[PDB]
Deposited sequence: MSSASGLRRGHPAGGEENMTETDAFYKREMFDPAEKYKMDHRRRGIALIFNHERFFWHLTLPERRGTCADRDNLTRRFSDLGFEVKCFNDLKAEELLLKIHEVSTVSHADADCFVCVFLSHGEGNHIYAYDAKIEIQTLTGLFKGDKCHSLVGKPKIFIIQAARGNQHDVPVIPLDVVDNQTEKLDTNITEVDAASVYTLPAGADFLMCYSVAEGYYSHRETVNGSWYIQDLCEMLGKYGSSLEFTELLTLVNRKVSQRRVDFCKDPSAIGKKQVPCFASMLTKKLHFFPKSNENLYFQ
């Protein structure tokens, strides 16, 4: 009795964990610029995910070893009584890699820890990764980075969400934060608790795509449009309806 309107079962005791890895500064010998504004992104994401019932765990400027430890820890704890898992990266990236403070890490080995094989308690539950990462460039200025992180899929019941697609540019206001994360957080506030999550991400695609880039204080930043995307491997409608205490 196959159902075209099947929703992920979101009636477990807890919503689940939202990891946020937040990277502002980098080891000198990496020659990567400060990401002034990333704290606004971390704080905005933390508030909006908290209001949808996530236990939000933030980590600032972890070295590779510490990041792998924290994310492995979370992968081997039980999610049996959880709706889903969210993991956010705010850093620089290149290709299949995100930057820790120290060094780059393959995204596939981070997403791999939550695959059915390796994390039984999350099988058939949504695993959502959100990635604001681009190429390290060099009061409220708008900085623009070229897209650099591949828009990779991840496995059954993963949703990979990307600030920017190949050939487009990602924008970060040094006080207000990343265009992508501002618009994501605005949509989570207005609609997080009602709209299907891919419907919401589609709103975010519209909001960010519509941001005008013809009249810029920096001339070289003109016509550098931003288009985000998501790569869905979801098998059901995903909603974050308020949980009944």
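- Numbered from the first deposited residue, the unresolved ranges run 1-29, 168-186, 294-299.
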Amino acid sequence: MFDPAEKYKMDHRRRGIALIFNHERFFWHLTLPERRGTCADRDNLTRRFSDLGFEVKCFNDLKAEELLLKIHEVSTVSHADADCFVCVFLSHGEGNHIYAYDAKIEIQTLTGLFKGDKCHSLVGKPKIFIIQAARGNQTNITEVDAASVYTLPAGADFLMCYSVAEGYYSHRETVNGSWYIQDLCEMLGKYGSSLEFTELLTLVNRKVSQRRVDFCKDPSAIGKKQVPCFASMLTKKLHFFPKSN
From here on, numbers count along this sequence of modelled residues.
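- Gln138 is a gap in at least a third of the other entries compared, counting only those with both neighbours built.
- Comparing the deposited coordinates for 116-124 and 103-111, the stretch with the larger average C-alpha B-factor is 116-124.
- Looking at 58-66 and 211-219 together, the entry lists the larger mean B-factor for 211-219, computed on C-alpha atoms.
- The top Cα temperature factor in the record, among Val77, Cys87, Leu90, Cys161, falls on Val77.
- In the deposited entry, the Cα temperature factor of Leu201 places it in the lowest third of its chain's modelled residues.
- Among all modelled residues in this chain, the alpha-carbon of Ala40 has a temperature factor (C-alpha) in the lowest third.
- Ranked by Cα temperature factor within the chain, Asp183 sits in the lowest third according to the deposited record.
- Ranked by C-alpha B-factor against the other modelled residues of its chain, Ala146 falls in the middle third.
- Sort the chain's modelled residues by C-alpha temperature factor and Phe49 lands in the middle third, per the entry.
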